[PDB]
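Asks: Sharing a structure below in structure tokens format, with a few things to ask.
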Amino acid sequence: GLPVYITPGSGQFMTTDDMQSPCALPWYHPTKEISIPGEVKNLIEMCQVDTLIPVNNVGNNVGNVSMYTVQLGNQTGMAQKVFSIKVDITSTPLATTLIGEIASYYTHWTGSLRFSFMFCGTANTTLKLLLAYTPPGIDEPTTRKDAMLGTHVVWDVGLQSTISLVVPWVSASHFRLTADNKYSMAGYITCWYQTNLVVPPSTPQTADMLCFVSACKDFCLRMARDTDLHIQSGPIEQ
Amino acid sequence: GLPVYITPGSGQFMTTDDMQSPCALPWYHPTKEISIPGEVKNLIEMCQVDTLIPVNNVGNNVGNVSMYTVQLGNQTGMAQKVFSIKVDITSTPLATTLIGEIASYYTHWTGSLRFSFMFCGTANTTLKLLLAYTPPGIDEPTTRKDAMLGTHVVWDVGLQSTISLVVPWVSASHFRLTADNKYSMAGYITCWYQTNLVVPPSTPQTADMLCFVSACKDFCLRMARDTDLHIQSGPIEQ
Amino acid sequence: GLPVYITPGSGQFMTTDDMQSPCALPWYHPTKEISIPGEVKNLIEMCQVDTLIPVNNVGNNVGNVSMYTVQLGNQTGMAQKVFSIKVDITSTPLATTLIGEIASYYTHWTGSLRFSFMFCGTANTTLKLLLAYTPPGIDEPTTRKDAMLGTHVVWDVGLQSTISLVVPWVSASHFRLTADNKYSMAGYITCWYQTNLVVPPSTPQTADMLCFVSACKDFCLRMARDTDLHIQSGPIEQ
Amino acid sequence: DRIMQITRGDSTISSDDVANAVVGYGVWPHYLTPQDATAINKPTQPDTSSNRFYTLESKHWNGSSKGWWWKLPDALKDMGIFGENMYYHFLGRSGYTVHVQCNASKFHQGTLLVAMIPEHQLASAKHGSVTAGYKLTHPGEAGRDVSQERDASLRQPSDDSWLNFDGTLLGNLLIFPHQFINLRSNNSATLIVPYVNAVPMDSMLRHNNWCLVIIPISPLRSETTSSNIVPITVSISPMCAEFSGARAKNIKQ
Amino acid sequence: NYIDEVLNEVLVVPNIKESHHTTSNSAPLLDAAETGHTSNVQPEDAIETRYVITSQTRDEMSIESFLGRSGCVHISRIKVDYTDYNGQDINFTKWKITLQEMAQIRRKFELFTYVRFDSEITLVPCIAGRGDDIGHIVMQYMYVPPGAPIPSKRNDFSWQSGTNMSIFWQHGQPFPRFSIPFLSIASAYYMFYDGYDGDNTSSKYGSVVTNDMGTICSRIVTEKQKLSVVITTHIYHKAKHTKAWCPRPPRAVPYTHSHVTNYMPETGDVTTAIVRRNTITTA
Amino acid sequence: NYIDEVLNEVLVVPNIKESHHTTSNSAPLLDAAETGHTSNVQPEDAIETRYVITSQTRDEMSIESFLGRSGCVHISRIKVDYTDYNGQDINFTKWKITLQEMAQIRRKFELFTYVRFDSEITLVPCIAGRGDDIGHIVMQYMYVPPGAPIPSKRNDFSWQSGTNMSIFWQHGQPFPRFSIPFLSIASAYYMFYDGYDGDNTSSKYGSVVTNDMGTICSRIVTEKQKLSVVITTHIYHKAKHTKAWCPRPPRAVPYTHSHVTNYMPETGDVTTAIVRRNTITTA
Amino acid sequence: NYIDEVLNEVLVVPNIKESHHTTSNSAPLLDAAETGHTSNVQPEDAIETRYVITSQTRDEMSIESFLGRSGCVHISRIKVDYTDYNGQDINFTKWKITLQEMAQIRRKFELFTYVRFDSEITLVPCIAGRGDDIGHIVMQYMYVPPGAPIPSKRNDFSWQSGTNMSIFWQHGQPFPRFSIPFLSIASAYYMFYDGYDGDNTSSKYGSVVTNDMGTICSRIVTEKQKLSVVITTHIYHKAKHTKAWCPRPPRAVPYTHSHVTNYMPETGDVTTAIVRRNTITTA
Amino acid sequence: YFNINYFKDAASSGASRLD
Amino acid sequence: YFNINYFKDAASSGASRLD
Amino acid sequence: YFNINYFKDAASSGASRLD
Amino acid sequence: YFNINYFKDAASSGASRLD
Amino acid sequence: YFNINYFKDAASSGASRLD
Ligand SMILES: COc1ccc(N2CCN(c3cccc(C)c3)CC2)nn1
Ligand SMILES: COc1ccc(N2CCN(c3cccc(C)c3)CC2)nn1
Ligand SMILES: COc1ccc(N2CCN(c3cccc(C)c3)CC2)nn1
């Protein structure tokens, strides 16, 4: 018959290939597929929903919930600093986040990102923080002035309550690596006081702010790979 | 020739595959196929014919025929109960039945079912039984009232003789398993006296009722598998 | 290339398959095929030519020629019997016959058959035999009356000389087995005197009849298989 | 309406009460076609003189009765004409009508299951590979079982009912063409059945195509004098009988 | 066709319409089963049903997906010998074709009286190494209808197959698998029989009278070897293009002997699948 | 389609337009996340963006390239024995189908509540030679749904597969790989469950109630051999033609037991991936 | 064509019409067979026939399905030697092409005088291990017409096949199978002959004069090895595109010698298939 | 892909169809 | 090259498409 | 499927036809 | 014979062309 | 079947033709 030549790759097996295989039980009319509210079609979707950020990434706090709140304090001094985290989306505190947890399934990431903060303060309470995105290039800023110099957003706490800070995409390589890499260093984001936290009489003087991160329509990932954030130093029983 | 790639599954053998194989004796014009009255094309057909039910599923009775009759008795009390069986079509007494025997060839079943009863009583004799289908959810009813509350059919014994009780299909899962499963529990069916068995003079006071089960056009099976109801703890000789 | 799946049967070898194989010496223009008187195209043809029957299938006779003649005798009695053979075309005396020899190459046979007889008597001689075909069902008839009851042909010896007896096809199964089988028993054929063998003066009083069997357009065989009638309890030398 | 009338030969049967009638595999018995045929001779087709209403030997319905069967090609091995043509010919083909009569009163209680069965290969009562004997699956008008006693030396079938004699839970037997005789509604049972067999015409002697069974399901129960006997009578009619492969004549056995 | 055939929606079941109540004369729930017929009552009749558009196919409930599945029907075995090669009735097998010699499958068919079909085959040689090296072991599976020279021993002359079928399999090459018509002779395979060989009160009677499709002889070519072996060339059979007429009750009792219906243990007072209940009152 | 599908440009992401400054009233950067909804703010909103025509596809970010990848879910093992062949529960395996019995993959799914898909399979027998020669070793992998005769030991009668599926692989021939529908029964595979067997204060509760797709039994044909072996027929599974509804948080703590969600080490005061910081002030 | 060819209904036989009685003059049943011709009488003539529409094909009764079947015609054998490799007339075979050297098939043809056909071939090496390991053993089957250097021993120079045909088979790769025309020379293969070499009262006479299609030499490459072997490369032959002229009586007596017709046992007072009867009167 | 009876005989073919 | 569902059943086919 | 004489020569081909 | 990208992805294909 | 130069280069092809 057809003079054929069997090619090199032939007979192999790849955990990543698109090929057909004979059924196993022919003529099986599977159960119909009823209608079910909420079906996904793209990881992306999940990536665009803001999940909460562990940031109070500190000691005893960590195994608890607090590990999520950031109390905005006193501050005797002025123009003092709140916190910082680095943008490299696979870096505790980030990592664990619905996003992070994910990204860690792919080798490369890209686009803008969104950080949102909420005031679990009081009503009569007031404040004004300055948040900033310090692109890759230098060291996480020691001072506000130094950080205010780049990308930022002044946040006026008020009747609203949620300020969303965007993290533009600044990079040389259209794409960044999800894995820790000195090169693909995305930078830092930090928060400082613009004014203070003023509270009229008989209101607490510390209060919390929750923070979150969802994606931007910018966003996109690639090169699927097995995760980081989960070592099954098992096995698993029965 | 044709640069080909041999795919993973290649060279295997499946007791369930559709593939051609060379004849063995070419040009063999098989004996013509004469006409023969009654040919099947679907198990279903066989499934729609009511076969008799062993129900008198009791001790010494069992290896005999009686194992098929249910004598309707005296009953000093009133509103008393006759019998019960459970619907899970792969459960002695059911199982052995042309249906059961079958269903046990597939992993999943579905649709309605039909139970028919016949009075092998007398002519001058009279009675009125109440049959009921107690859907899955609770325990086979201890009392009539409790059972009458769900699906049932009052049966007036008369010039007719056969009352057919339908077993609607009530389930969560479009489909049920043929194999014993707490989940896929189809329920119970039971029979009780509505009135009595009255017989005018010099007529026996016990009589029998035969019972049967055929399918409904509802009915359908799937996922063929090897049977339950037959262990060849042989072999087989010569 | 073409994602292919190698099927079960692959690589085997069958003494009965239609497949191409590369030539061996390309561009070989074989000797032309001149015209040759008498070429066959179907076994059938050979099967329709009457070959002679060994019937005098008796002792010392057998390794000789006589083994072919049947002398029609005296017969003091009347209505006496000549011979018999059974129809199962793979049964000495039949078998060895161009037909038999053949049929023994196939597993199944069918149709009508033809027996022809010839009078190697004299000219002035006369006779009348009765030949009969006793279909399958009973025992080869002990008496003429009993046999005359079924299929037969009275034969008037005369200026002609050859009477041909047909063996209709009577069977349940469109087809019969070539191999000895109680079921597929075709029956018996026998010959008896109707009158006598009268010869006017000074003519011998015994004479012979030759008998033959050719096929009918009815006829047909199938399921080729290796023969019976030839055991090469050799080998074969040089 | 239940009343029924049937006319087959020079014979007719009536029934002032009935449970319909049944046509086996919904096919009506008829004569063989030059398509499915195989033989070459012109079949003899005794009409009327043959395919008529023959009635067998009657039987008693006991409270100890267990069941009784008759094998059709065989039950009429004596029934005039049909049963001669049987013996004179190799090939025989024919369909039947089964009229099962069994009356008693409306004060009686009983149930008979009647069924016909294509190729009813019975099982021997004895373990092994020894098949039932000829001479015992060839009873005749008289039929077999009753609840009888016999030599165990004979390669004797299973007198065993519940297993169907073939070892298939009776009750699934309802798959074969059937009906009952519930003495409270019924009077008879009428089965009509075409010719079923992988061959156009079989041996009326070696092969019995149809096998008929009647089995007491709910035991007869009166309150009368056991002077009151309630027989069971079977009547049969070859229909579209056709024969061929004429010759001497077999022999009785 | 495609969709319907690929989606497997060829034989679909009706849906359950909607009902309302009925305070009316004709009672469909009442029929007399003595007529031997089957009731025709449905959900919609008995209850106040709703409306369910179905979507279950009775495709897998076809005599072809019920029958068309490969099954062990024989396990040819050859405990080779090197001591005496050849010899009479050795190192070559010959089993009688036809089921029975194996359960499961046998039971399946038996569900019908007659039947007919082209049979697809598949071999599965399994070479067990009882030596320190087997290597190359050729095999010859040659079929043989009736009236045919069945090899007396290995190297007869019947293994020339000048006009017979012999399939060859050499360790490595995939599993041989060929097909086969409807053989037999008349119309269909006798799934039973109520006939005999004859009037001989010693004649045969059973589904072994109408089925004698010759025998199949094996034989391991390659000749004499050093390190021993034992082979077990399994056999599977599938029915493709099958047909069916008239059905019948399944077989509850474990068979006996080959051919035959016989039931009858070595005491086992006999046994069936039915289970015993204390009381009918509770299930 | 092609190009778009070959070039893998099916799901493309929008580009980043150009912006200008805004000294205006409506503040898009301000929303109240308490609404439970998600913000909708973009680069273009917050900054003075430029103009970048994108070219990143969200193709590989599809439940099919996220799910559709083969993964070890089971490692059937058979330390053969020649001493006692057959015997009860020997030289033939039987594992319960369904994941969990393996990480990585398990974690992946669990990312969603429900789910549905046709499953593609692939076997990977690995014959370890513990002898001086193995040779030919046939294998039989036969699937078995519920209510089905599970082989008591090797050669039951259930290995006839008269109506079951058994795939056969002989040393040499490539890796078997077959597929399989969406089995189950209703609509989709329960990726979890908050139901029980019943009211029995001893009933079962978990994603093991809605999933009992029978078991699969192995078994190494070929029979008895000289030189021993041990087999390890790996198992990989791929989800083709998959679907998804409603998502959920990933699993950070190393699982426990099969089925179940349980977290709870043998002291390991419990442990998660989160790392500890000295101070929030420096990252 | 298809249907007719797939359904195998190419050569169909007539049907048997219906007859009536004949009380008439012309007697078809009477003919004189001395004319050497064959009668032409039929069912319809002799009896009162019915009407049967037939449906039997004479397809399988064609010189191509009668002849076109593979048959052992030779069994090349090589009991290797490692002691002396090469040497003269060793470890390489050379058999004379043409049947006879094998029964069954030989008998088949012989049914006809002349004949002609393209021959399809198939080899079946069978490597018997007489050692503790064979491994890789290449083979070279090289055909050789007349006037051609036939290897004196293994490694001649004729195994270069610079212009000859040599097929190569290495343990593993499937069975070689090639074809071949009608070779010969004139028109068809002499299935017999009644000629001689010449007038020399010592000349040859038989079907070995018109058929000398050279010889075929084997030889097992791979060279010298450790563990011995013995090979038996079977040979099968099939006739495709065959023709036939003039038929003749089959061969009842077991042959003798190659070529030739001779019958004549070592006493066996000679023997034929005919059986002996006690009496003609009872069969 | 279908109806490509690679083999001549009919006995050799896939599982029939349904109708 | 594509859409050549060499196998009958649908469950057997390549990774679906995208839309 | 047929008449695809994958090979050049005629001697190489399937069993002829019938007519 | 050509342009039969038996595989989906583009990265898998023969050596490109020339122009 | 023919002219299906499965390979690109010309040096790779069957035995030429005749004319
Ligand atoms: C009663 O119906 C049957 C049941 C089985 C059967 N077989 C099928 C298998 N077959 C077969 C299978 C493999 C090898 C060979 C030579 C033959 C023999 C006939 N024939 N008829
Ligand atoms: C909960 O969803 C699942 C998850 C896995 C699953 N499997 C897939 C693999 N499968 C399988 C794989 C290989 C062999 C056999 C017999 C079955 C069993 C069911 N079924 N449903
Ligand atoms: C008398 O007719 C024949 C009969 C046989 C024959 N053969 C066929 C086989 N053939 C052949 C077969 C295999 C290998 C080689 C080199 C040649 C040689 C000629 N040639 N002519």
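Just so we're on the same page: first chain in the structure tokens is A, next is B, and so on; residues restart at 1 for each chain, and ligands are numbered from 1 in the order they show up.
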Could you list, as a PyMOL selection string, all residues that come within 6 Å of ligand 3? Count only C-alpha atoms and all ligand atoms.
Replies: chain G and resi 97-99+119+121+143+189-191+216
Asks: Let me see the file: selected residues, C-alpha atoms, as a PDB file, in the first residue's frame.
Replies:
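Okay, this is what ended up in result24.pdb:
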```pdb
ATOM      1  CA  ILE G  97      12.582 -22.864  -7.599  1.00  0.00           C
ATOM      2  CA  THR G  98       9.513 -24.668  -8.633  1.00  0.00           C
ATOM      3  CA  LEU G  99       7.015 -26.662  -6.753  1.00  0.00           C
ATOM      4  CA  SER G 119       3.443 -15.071  -8.343  1.00  0.00           C
ATOM      5  CA  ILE G 121       5.644 -14.373  -2.372  1.00  0.00           C
ATOM      6  CA  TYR G 143      17.098 -14.686  -6.238  1.00  0.00           C
ATOM      7  CA  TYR G 189       4.096 -22.468 -17.485  1.00  0.00           C
ATOM      8  CA  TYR G 190       4.230 -26.077 -18.669  1.00  0.00           C
ATOM      9  CA  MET G 191       2.136 -27.971 -16.119  1.00  0.00           C
ATOM     10  CA  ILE G 216      17.400 -18.673  -5.086  1.00  0.00           C
TER      11      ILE G 216
END
```
Asks: Output the neighbourhood of ligand 1 as a VMD selection string, that is, all protein and nucleic acid residues with some atom at most 9 Å from the ligand, counting only C-alpha atoms and all ligand atoms.
Replies: chain E and resid 73 to 74 96 to 100 106 109 114 to 123 141 to 145 165 178 to 180 182 to 184 188 to 192 207 to 208 210 to 217 235 to 239
Asks: Counting only C-alpha atoms, which residues from chain D have an atom at most 6 Å from any atom of chain E, and could you show them as JSON, numbers by chain?
Replies: {"D": [19, 20, 119, 120, 121, 123, 124, 127, 129, 134, 166, 168, 172, 175, 178, 179, 180, 198, 206, 207, 208]}
Asks: Could you go through segment 103-237 of chain A and tell me which residues DSSP, when run on the backbone, assigns to strand (DSSP E), listing them as a ChimeraX atom specification?
Replies: /A:106-110,113-119,126-134,151-156,162-167,176-177,188-198,207-215,220-224
Asks: Keeping only C-alpha atoms, write the selected residues to a file as a PDB file, in the first residue's frame.
Replies:
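Final output, out-v5.pdb:
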```pdb
ATOM      1  CA  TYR A 106       2.660  30.252  33.835  1.00  0.00           C
ATOM      2  CA  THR A 107       6.226  31.298  33.109  1.00  0.00           C
ATOM      3  CA  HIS A 108       5.504  34.766  31.787  1.00  0.00           C
ATOM      4  CA  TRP A 109       3.226  37.710  32.692  1.00  0.00           C
ATOM      5  CA  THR A 110       2.370  41.138  31.333  1.00  0.00           C
ATOM      6  CA  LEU A 113      -2.247  45.874  37.373  1.00  0.00           C
ATOM      7  CA  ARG A 114      -4.612  47.313  39.809  1.00  0.00           C
ATOM      8  CA  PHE A 115      -4.280  47.959  43.462  1.00  0.00           C
ATOM      9  CA  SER A 116      -7.317  48.997  45.413  1.00  0.00           C
ATOM     10  CA  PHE A 117      -7.453  50.157  49.043  1.00  0.00           C
ATOM     11  CA  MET A 118     -10.492  50.587  51.342  1.00  0.00           C
ATOM     12  CA  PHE A 119     -10.932  52.483  54.576  1.00  0.00           C
ATOM     13  CA  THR A 126     -10.498  61.599  57.978  1.00  0.00           C
ATOM     14  CA  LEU A 127      -7.197  61.011  56.258  1.00  0.00           C
ATOM     15  CA  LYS A 128      -5.111  61.422  53.163  1.00  0.00           C
ATOM     16  CA  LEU A 129      -2.500  58.861  52.101  1.00  0.00           C
ATOM     17  CA  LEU A 130      -0.145  59.063  49.090  1.00  0.00           C
ATOM     18  CA  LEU A 131       0.437  55.719  47.295  1.00  0.00           C
ATOM     19  CA  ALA A 132       3.187  55.247  44.801  1.00  0.00           C
ATOM     20  CA  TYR A 133       4.521  52.986  42.166  1.00  0.00           C
ATOM     21  CA  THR A 134       8.314  53.132  41.904  1.00  0.00           C
ATOM     22  CA  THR A 151       4.041  57.299  39.500  1.00  0.00           C
ATOM     23  CA  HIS A 152       1.527  57.899  42.253  1.00  0.00           C
ATOM     24  CA  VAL A 153      -1.906  58.760  43.437  1.00  0.00           C
ATOM     25  CA  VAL A 154      -2.894  61.011  46.362  1.00  0.00           C
ATOM     26  CA  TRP A 155      -5.924  59.400  48.069  1.00  0.00           C
ATOM     27  CA  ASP A 156      -8.564  61.521  49.784  1.00  0.00           C
ATOM     28  CA  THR A 162     -11.996  53.088  47.892  1.00  0.00           C
ATOM     29  CA  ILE A 163      -9.104  54.444  45.913  1.00  0.00           C
ATOM     30  CA  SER A 164      -7.728  52.293  43.152  1.00  0.00           C
ATOM     31  CA  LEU A 165      -4.124  52.763  42.112  1.00  0.00           C
ATOM     32  CA  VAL A 166      -3.026  51.636  38.683  1.00  0.00           C
ATOM     33  CA  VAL A 167       0.394  50.103  38.034  1.00  0.00           C
ATOM     34  CA  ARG A 176       8.232  39.638  32.118  1.00  0.00           C
ATOM     35  CA  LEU A 177       8.980  36.376  33.810  1.00  0.00           C
ATOM     36  CA  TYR A 188       7.845  48.607  44.275  1.00  0.00           C
ATOM     37  CA  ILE A 189       4.650  50.324  45.472  1.00  0.00           C
ATOM     38  CA  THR A 190       4.526  52.079  48.868  1.00  0.00           C
ATOM     39  CA  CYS A 191       2.096  54.191  50.850  1.00  0.00           C
ATOM     40  CA  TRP A 192       2.620  57.278  52.965  1.00  0.00           C
ATOM     41  CA  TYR A 193       0.709  59.932  54.828  1.00  0.00           C
ATOM     42  CA  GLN A 194      -0.147  63.014  52.894  1.00  0.00           C
ATOM     43  CA  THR A 195      -1.800  64.703  55.893  1.00  0.00           C
ATOM     44  CA  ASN A 196      -2.968  62.616  58.854  1.00  0.00           C
ATOM     45  CA  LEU A 197      -5.772  60.710  60.379  1.00  0.00           C
ATOM     46  CA  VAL A 198      -7.840  63.226  62.269  1.00  0.00           C
ATOM     47  CA  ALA A 207      -8.148  52.203  62.024  1.00  0.00           C
ATOM     48  CA  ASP A 208      -7.573  49.797  59.247  1.00  0.00           C
ATOM     49  CA  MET A 209      -7.341  49.786  55.511  1.00  0.00           C
ATOM     50  CA  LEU A 210      -7.804  46.560  53.506  1.00  0.00           C
ATOM     51  CA  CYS A 211      -5.902  46.235  50.293  1.00  0.00           C
ATOM     52  CA  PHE A 212      -6.588  44.427  47.049  1.00  0.00           C
ATOM     53  CA  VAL A 213      -5.287  43.573  43.626  1.00  0.00           C
ATOM     54  CA  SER A 214      -7.284  42.601  40.491  1.00  0.00           C
ATOM     55  CA  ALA A 215      -5.894  42.686  36.881  1.00  0.00           C
ATOM     56  CA  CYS A 220      -2.116  38.420  29.940  1.00  0.00           C
ATOM     57  CA  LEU A 221      -0.035  35.369  30.726  1.00  0.00           C
ATOM     58  CA  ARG A 222       1.657  32.486  28.943  1.00  0.00           C
ATOM     59  CA  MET A 223       3.838  29.408  28.834  1.00  0.00           C
ATOM     60  CA  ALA A 224       1.928  27.183  31.237  1.00  0.00           C
TER      61      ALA A 224
END
```
Asks: Using only C-alpha atoms, tabulate the residues of chain E lying at most 10 Å from any atom of chain G, each with its closest atom pair and that distance in Å to one decimal, by chain and increasing residue number, as a Markdown table.
Replies:
```
| residue | atom | partner | partner_atom | distance |
| --- | --- | --- | --- | --- |
| E:131 | CA | G:132 | CA | 8.9 |
| E:132 | CA | G:132 | CA | 6.6 |
| E:133 | CA | G:132 | CA | 5.9 |
| E:134 | CA | G:129 | CA | 7.0 |
| E:135 | CA | G:129 | CA | 6.7 |
| E:136 | CA | G:127 | CA | 5.4 |
| E:137 | CA | G:126 | CA | 6.6 |
| E:138 | CA | G:126 | CA | 5.7 |
| E:139 | CA | G:126 | CA | 9.1 |
| E:157 | CA | G:104 | CA | 7.4 |
| E:158 | CA | G:104 | CA | 7.8 |
| E:159 | CA | G:72 | CA | 7.8 |
| E:160 | CA | G:72 | CA | 4.6 |
| E:161 | CA | G:71 | CA | 5.4 |
| E:162 | CA | G:71 | CA | 4.1 |
| E:163 | CA | G:69 | CA | 5.7 |
| E:164 | CA | G:69 | CA | 7.5 |
| E:165 | CA | G:69 | CA | 8.3 |
| E:166 | CA | G:70 | CA | 9.0 |
| E:168 | CA | G:124 | CA | 8.3 |
| E:169 | CA | G:174 | CA | 9.3 |
| E:170 | CA | G:174 | CA | 8.1 |
| E:171 | CA | G:172 | CA | 7.8 |
| E:172 | CA | G:172 | CA | 6.1 |
| E:173 | CA | G:174 | CA | 6.7 |
| E:174 | CA | G:174 | CA | 9.9 |
| E:220 | CA | G:126 | CA | 9.9 |
| E:221 | CA | G:126 | CA | 7.1 |
| E:222 | CA | G:126 | CA | 4.5 |
| E:223 | CA | G:128 | CA | 6.5 |
| E:224 | CA | G:128 | CA | 6.4 |
| E:225 | CA | G:129 | CA | 5.2 |
| E:226 | CA | G:130 | CA | 4.7 |
| E:227 | CA | G:132 | CA | 7.6 |
```
Asks: Which chain K residues are at most 9 Å from chain C (counting only C-alpha atoms), as a PyMOL selection string?
Replies: chain K and resi 4-7
Asks: Just to be explicit: take each residue in the selection above, keep N, CA, C and O atoms, and write the result as a compact mmCIF listing (two decimals), in the first residue's frame.
Replies:
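Below is the file again17.txt, written as the result:
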```
# COMPACT_ATOMS: atom_id res chain seq x y z
N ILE K 4 0.71 20.56 4.45
CA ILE K 4 -0.35 19.82 5.22
C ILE K 4 0.18 19.89 6.63
O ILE K 4 0.77 18.88 7.01
N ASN K 5 -0.04 21.05 7.21
CA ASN K 5 0.46 21.19 8.61
C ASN K 5 -0.40 20.22 9.40
O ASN K 5 -1.53 20.59 9.75
N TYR K 6 0.18 19.05 9.55
CA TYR K 6 -0.60 18.05 10.28
C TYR K 6 -0.82 18.57 11.69
O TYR K 6 -1.87 18.16 12.25
N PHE K 7 0.04 19.42 12.23
CA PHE K 7 -0.08 20.00 13.58
C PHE K 7 -0.52 21.46 13.56
O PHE K 7 -0.12 22.31 12.76
```
Asks: Rank A:160, A:25, A:216, A:64 by their smallest atom-to-atom distance to ligand 2, using only C-alpha atoms and all ligand atoms, and report the top residue only.
Replies: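 Under the stated criterion, the closest residue is A:25.
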Asks: Within 8 Å of chain E, which residues of chain C show up when using only C-alpha atoms, listed as a PyMOL selection string?
Replies: chain C and resi 8-16+104-105+107-108+173-180+182-183+224-228+231-232
Asks: May I have the residues within 12 Å of residue 225 of chain D as a list in words, using only C-alpha atoms and disregarding those fewer than 4 positions away in the same chain?
Replies: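 The residues that qualify are residues 202 of chain B; 108, 221, 229 and 230 of chain D.
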Asks: Just the number, please: distance in Å from atom CA of residue 146 of chain C to atom CA of residue 248 of chain D, one decimal.
Replies: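 Separation between atom CA of residue 146 of chain C and atom CA of residue 248 of chain D: 4.9 Å.
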Asks: Write out as a ChimeraX atom specification the residues lying within 8 Å of residue 18 of chain D, counting only C-alpha atoms and excluding same-chain residues fewer than 3 positions away.
Replies: /D:2-4,15,21,185-189
Asks: Do me a favour and pick out the residues of chain J within 10 Å of chain G, using only C-alpha atoms, as a list in words.
Replies: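 Using only C-alpha atoms, chain J residues at most 10 Å from chain G: residues 9, 10, 11, 12, 13, 14, 15, 16, 17, 18 and 19 of chain J.
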Asks: Print the selection's residues with N, CA and C atoms to a file, as a CSV table (one decimal), in the first residue's frame.
Replies:
```csv
chain,number,residue,atom,x,y,z
J,9,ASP,N,4.8,-1.7,-11.6
J,9,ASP,CA,4.7,-2.9,-12.4
J,9,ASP,C,3.3,-3.5,-12.3
J,10,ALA,N,2.9,-4.3,-13.2
J,10,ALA,CA,1.5,-4.8,-13.1
J,10,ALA,C,1.4,-6.1,-12.4
J,11,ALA,N,2.5,-6.8,-12.4
J,11,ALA,CA,2.7,-8.1,-11.8
J,11,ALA,C,2.4,-8.0,-10.3
J,12,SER,N,2.4,-6.8,-9.9
J,12,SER,CA,2.3,-6.4,-8.5
J,12,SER,C,0.9,-5.8,-8.4
J,13,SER,N,0.0,-6.5,-7.8
J,13,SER,CA,-1.4,-5.8,-7.8
J,13,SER,C,-2.2,-6.8,-7.1
J,14,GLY,N,-3.4,-6.5,-6.8
J,14,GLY,CA,-4.3,-7.5,-6.1
J,14,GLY,C,-4.7,-8.6,-7.1
J,15,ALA,N,-5.4,-9.5,-6.5
J,15,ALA,CA,-6.0,-10.6,-7.2
J,15,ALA,C,-6.8,-9.9,-8.2
J,16,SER,N,-6.8,-10.5,-9.4
J,16,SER,CA,-7.6,-9.8,-10.4
J,16,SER,C,-9.1,-9.9,-10.0
J,17,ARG,N,-9.8,-9.3,-11.0
J,17,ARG,CA,-11.3,-9.2,-11.0
J,17,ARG,C,-12.1,-10.3,-11.6
J,18,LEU,N,-13.3,-10.1,-12.0
J,18,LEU,CA,-14.0,-11.4,-12.4
J,18,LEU,C,-14.5,-11.6,-13.7
J,19,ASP,N,-15.4,-10.6,-14.0
J,19,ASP,CA,-16.1,-10.8,-15.3
J,19,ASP,C,-16.0,-12.2,-15.9
```
